[PDB]
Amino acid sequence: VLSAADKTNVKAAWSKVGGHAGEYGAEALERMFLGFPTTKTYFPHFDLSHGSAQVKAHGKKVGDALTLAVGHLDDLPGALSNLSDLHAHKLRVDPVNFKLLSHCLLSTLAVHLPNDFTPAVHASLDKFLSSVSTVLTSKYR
């Protein structure tokens, strides 16, 4: 599914993210909640207001999980197993919402990394986020 070129594109792109993975995760969440309000249904216990500390905290965990995935491109099912259990079994997140967050993530990267967000990197990050979504929405136990 992911070619070797995609893996190296994702690897290099995420090296540009560097220590900002949490900030970008948080901003992506903020863009998703405002742009697709249905997604707020999955966080009824969150303070979703402007500057919310909960969103910032959750974004850090989303960013950290993606960094982990970037380091296990060759075995995402095994590396993300615990996260698949939470999202597919416990939380039963509609797969549609993963397309929305992926789009909001790419938007965030486009804002902060305009010179590095080339079409090819764009295309490889899209494949990457799609493969991560498939793992997190699947019951493969």
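A residue's number is simply how far along the shown sequence it sits, counting from 1.
Taking the mean C-alpha B-factor of each stretch as recorded, 69 to 77 and 97 to 105 are not equal, and the higher mean is that of 69 to 77. Stretches 4 to 12 and 132 to 140 differ in mean C-alpha B factor, with the higher average recorded for 132 to 140. Among the modelled residues of its chain, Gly51 has a C-alpha B-factor that falls in the highest third, as given in the PDB entry. The deposited CA B-factor of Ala57 belongs to the middle third of values across its chain. The entry lists a Cα temperature factor for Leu91 that places it in the highest third of the chain's modelled residues. Ranked against the other modelled residues of its chain, the C-alpha B-factor of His112 as given in the entry falls in the middle third. For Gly35, the recorded CA B-factor ranks within the lowest third of the chain. Only modelled residues enter the ranking.
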